[PDB]
Amino acid sequence: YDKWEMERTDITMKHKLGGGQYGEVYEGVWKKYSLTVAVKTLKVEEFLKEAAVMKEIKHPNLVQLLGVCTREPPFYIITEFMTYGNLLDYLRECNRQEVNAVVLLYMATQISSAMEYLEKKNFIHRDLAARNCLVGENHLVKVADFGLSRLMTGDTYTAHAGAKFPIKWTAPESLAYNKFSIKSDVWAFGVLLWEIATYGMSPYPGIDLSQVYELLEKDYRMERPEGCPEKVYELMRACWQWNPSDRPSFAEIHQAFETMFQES
Amino acid sequence: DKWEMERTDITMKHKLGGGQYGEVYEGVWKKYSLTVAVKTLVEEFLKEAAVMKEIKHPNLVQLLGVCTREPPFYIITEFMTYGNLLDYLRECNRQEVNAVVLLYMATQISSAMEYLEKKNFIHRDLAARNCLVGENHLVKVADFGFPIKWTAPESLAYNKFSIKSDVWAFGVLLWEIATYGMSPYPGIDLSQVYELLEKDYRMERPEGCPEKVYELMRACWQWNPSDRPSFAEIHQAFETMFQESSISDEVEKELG
Ligand SMILES: Cc1ccc(NC(=O)c2ccc(CN3CCN(C)CC3)cc2)cc1Nc1nccc(-c2cccnc2)n1
Ligand SMILES: Cc1ccc(NC(=O)c2ccc(CN3CCN(C)CC3)cc2)cc1Nc1nccc(-c2cccnc2)n1
Ligand SMILES: N#CCC(=O)Nc1nc(-c2ccc(Cl)c(Cl)c2)cs1
Ligand SMILES: N#CCC(=O)Nc1nc(-c2ccc(Cl)c(Cl)c2)cs1
């Protein structure tokens with residue numbers, strides 16, 4: 001038992017979070033601080049592996065591990081809870097006069113800050129998308145990883161290379177040679193930018209999944225969304241360079257957003 | 001008991017706040033050279049003193065001593081540097097008292113109310129005019145002594161007051177905070193509020209009010225008292241929002 005271990009009686013377990021939307025994840029209360037928390041429970045090696053990964057990740061714009069319960073079953077991974085839930089549904093339901101262009105810019109900047117951190121620490125996300133981000137009060141955004149390919153139904157994830165892929169977020173080299181890297185995260189980030197700019201539309205709208213790889217390899221790219229600033233679209237296109245090594249680093253992306261934000 | 005002190009331990013100065021609080025005066029607790037507030041004057045007075053000996057919380061006005069042997073009687077509390085919350089909202093600089101501070105103030109009040117809920121006390125007059133402000137936007141709930149606009153439906157129709165009617169009033173207090181101290185139900189004839197509430201009219205979201213704050217307002221204004229959240233739930237939602245807003249505020253400063 002290490003410094004992250006917490007007594008199970010420190011947490012009030014309330015109910016499954018989102019009625020099963022996230023699997024075996026419960027809304028709870030960290031009683032001594034009056035804080036709502038999220039608690040992932042084991043219905044085993046992968047579970048503890050996820051916990052060990054999260055002990056190494058500490059950044060304002062990444063989901064923060066608060067504690068674990070590993071003394072007897074069921075095992076717990078406890079994180080902060082984010083008031084407004086996932087970013088995709090938030091964008092689709094928000095007041096767009098309230099969540100306006102400067103807020104969208106602010107959300108993109110925080111996500112690039114989180115990815116710059118993972119880049120610095122040699123992590124790969126592998127499933128970056130709006131559905132894996134969370135929104136808090138005062139336009140806080142945190143990047144998470146809910147393990148959604150198992151949980152979500154529909155066409156978002158589809159069978160490919162004997163696995164489940166979000167085809168429309170997946171970099172070419174990952175689709176073709178099953179190669180994943182920080183640069184394939186940059187590609188997905190470009191798609192996430194487009195999700196943000198369209199307030200959560202599905203990417204390549206109206207284009208069948210069967211066409212996506214061929215179109216990309218023949219240099220098709222999504223058009224600039226209505227109202228999207230040209231400089232932001234330039235960034236999207238740099239994220240979608242066919243050669244991973246031609247894509248910018250997250251350090252460069254965040255610097256560019258930083259400059260843009262203070263000029264607003 | 002420990003609370004009894006002599007009337008001569010305290011130098012009584014002029015009445016406080018133009019008497020708007022009644023017979024409450026600025027005083028000085030001599031032994032500590034400390035400015036204090038002193039309420040002076042049936043046995044309601046002594047009931048209030050007895051209650052305040054049972055209350056201790058960061059965001060509830062702190063009793064310091066009592067004089068309950070021979071008239072005139074004293075209830076002595078700490079003195080709060082910045083006066084009552086309603087005037088503070090109405091006169092403040094909104095660039096300094098911004099959305100992060102308004103959230104901090106609501107969080108502090110919900111914590112005081114969770115504490116009263118846990119002790120089985122009922123406030124019965126929660127409103128911004130009954131809160132006090134100290135340094136660093138510290139807020140404490142007090143009770144100075146119907147306000148139809150703050151009064152829950154079952155209190156209006158049946159004279160039933162409970163912690164859940166305090167929850168209703170807290171929702172109205174949130175709206176006071178969110179509007180920097182506007183009067184609730186703008187322009188609406190107070191004599192028609194009960195029937196309006198019965199037919200599911202509620203105040204609209206104020207300009208700039210966060211959506212989860214308004215959702216909590218509307219939960220506080222559920223018609224059935226059992227459908228309203230507890231103050232433990234409300235306080236938990238606000239501490240959770242407040243931590244998010246503090247992190248974001250730091251991220252935004254770091255960008256500049
Ligand atoms: C309760 C929990 C347990 C574990 C996690 N894990 C992560 O979010 C996560 C994030 C990043 C990594 C980093 N990782 C390294 C590289 N690899 C390839 C994958 C990514 C790992 C796990 C989140 C949570 N939190 C969680 N889960 C589901 C829903 C919610 C939730 C929902 C609504 C509102 N607030 C919170 N919150
Ligand atoms: C000097 C005093 C005497 C008594 C009280 N009493 C209370 O503030 C109080 C608060 C809560 C309860 C709890 N009670 C539970 C039961 N229900 C029905 C009523 C509430 C009782 C009294 C406050 C004060 N303090 C007070 N009163 C008026 C003005 C000021 C004041 C004004 C400006 C600056 N600094 C201080 N300060
Ligand atoms: N309705 C509608 C569509 C619309 O107005 N789209 C917009 N998108 C933005 C925007 C600004 C900065 C970033 Cl970083 C991003 Cl991703 C998007 C500005 S307006
Ligand atoms: N124009 C105008 C006034 C205005 O901007 N009003 C606002 N209210 C909020 C707010 C934030 C947190 C809480 Cl808890 C509450 Cl009650 C309100 C933020 S901005």
Side-chain angles (χ1 to χ4, degrees), chain A residues 11-12 14-15 27-38 58-64 66 79-85 90 93-95 97-99 102-103 105-114 117 134-142 254-255 257-264, chain B residues 57-59 98-117 174 177-178 204-217 219 229-256:
Chain A
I11 306 294
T12 302
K14 283 193 299 193
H15 56 69
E27 190 172 325
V29 185
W30 194 6
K31 294 192 277 181
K32 68 182 59 161
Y33 291 117
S34 292
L35 280 167
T36 308
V37 295
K58 180 182 73 191
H59 187 278
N61 298 120
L62 284 144
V63 60
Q64 179 57 59
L66 301 177
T79 76
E80 66 196 328
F81 181 96
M82 287 281 276
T83 295
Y84 289 91
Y90 180 78
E93 294 162 27
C94 70
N95 181 324
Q97 276 67 56
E98 183 180 14
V99 181
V102 71
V103 177
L105 177 62
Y106 183 51
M107 297 192 315
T109 304
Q110 298 173 78
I111 291 163
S112 72
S113 185
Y117 175 90
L134 295 167
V135 180
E137 194 46 73
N138 201 18
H139 311 303
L140 179 59
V141 180
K142 281 165 173 278
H254 183 262
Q255 183 62 239
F257 279 124
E258 265 219 7
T259 309
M260 293 196 236
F261 185 79
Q262 48 199 42
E263 292 169 352
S264 286
Chain B
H57 185 275
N59 303 108
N98 66 358
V100 188
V101 178
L102 300 180
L103 186 60
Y104 180 47
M105 302 179 330
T107 306
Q108 290 173 86
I109 294 160
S110 70
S111 185
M113 291 316 299
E114 180 187 8
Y115 168 90
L116 291 178
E117 169 176 277
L174 288 179
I177 290 174
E204 76 172 336
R205 181 171 65 83
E207 161 174 69
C209 176
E211 310 258 69
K212 173 76 174 197
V213 174
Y214 185 63
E215 175 190 305
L216 280 154
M217 271 184 223
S230 60
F231 280 118
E233 288 167 329
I234 289 156
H235 180 220
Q236 287 156 25
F238 274 105
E239 294 285 352
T240 303
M241 276 186 277
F242 182 51
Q243 178 180 268
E244 293 154 8
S245 177
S246 297
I247 296 174
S248 186
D249 192 64
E250 286 313 306
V251 164
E252 180 188 15
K253 288 190 209 324
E254 177 73 27
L255 282 175

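Heavy-atom basis, side chains included; hydrogens, waters and symmetry copies ignored. Labels below follow one simple rule: chain letters A, B, ... track the order of the sequence lines, proteins then strands, and each chain is numbered from 1.
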Let me know if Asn61(A) has heavy atoms under 4.5 Å from chain B in its side chain, its backbone, both or neither.
side chain
Might you work through the side-chain contact (heavy atoms from CB on, under 4.5 Å) test for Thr12(A) and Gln236(B), ending with a clear yes or no?
CA-CA 12 Å; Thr12(A) 302; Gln236(B) 287 156 25; over 6 Å; no
Close side-chain approach of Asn95(A) and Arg205(B), heavy atoms under 4.5 Å
yes
Point-to-point distance, once rounded to the nearest 0.5 Å, from CD of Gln243(B) to CG of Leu35(A):
5.0 Å
Nearest 0.5 Å, what's the OG1-CE distance between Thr36(A) and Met241(B)?
9.0 Å
Okay, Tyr33(A) and chain B: the region with an atom under 4.5 Å from a heavy atom over there is backbone
Given that the side chain runs from C-beta out, which part of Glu233(B) has a heavy atom under 4.5 Å from chain A: side chain, backbone, both or neither?
neither
Result of checking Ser248(B), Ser246(B), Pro210(B) against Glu137(A) for side-chain contact (heavy atoms from CB on, under 4.5 Å)
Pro210(B)
Under the side-chain contact (heavy atoms from CB on, under 4.5 Å) criterion, do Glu254(B) and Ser113(A) qualify, and how do the steps go?
CA-CA 11 Å; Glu254(B) 177 73 27; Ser113(A) 185; over 6 Å; no
Looking only at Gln110(A), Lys142(A), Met82(A), most heavy-atom pairs under 4.5 Å shared with chain B are made by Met82(A)
Run the numbers on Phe257(A) and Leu255(B) for side-chain contact (heavy atoms from CB on, under 4.5 Å), then give the verdict.
CA-CA 10 Å; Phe257(A) 279 124; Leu255(B) 282 175; over 6 Å; no
Taken to the nearest 0.5 Å, the spacing of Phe242(B) CZ from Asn138(A) CG works out to 10.5 Å
Below 4.5 Å from any heavy atom of chain A, which atoms of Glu211(B) appear? Answer side chain, backbone, both or neither.
both
So, for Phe81(A) and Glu244(B), which heavy atoms are closest and what is the spacing to 0.1 Å?
O-OE2, 3.2 Å
For atom CD of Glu204(B), is the number of surrounding heavy atoms from other residues, nucleotides or ligands below 6.0 Å larger than 12?
no
Heaviest contributor of heavy-atom pairs below 4.5 Å to chain B, chosen from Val37(A), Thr83(A), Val29(A), is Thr83(A)
Could you grab the distance from atom NE2 of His235(B) to atom OG of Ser34(A), nearest 0.5 Å is fine?
4.5 Å
Steps toward side-chain contact (heavy atoms from CB on, under 4.5 Å) verdict (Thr109(A), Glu252(B))
CA-CA 10 Å; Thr109(A) 304; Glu252(B) 180 188 15; over 6 Å; no
About how many Å separate CD1 of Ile247(B) and CD of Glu80(A), when rounded to the nearest 0.5 Å?
5.5 Å
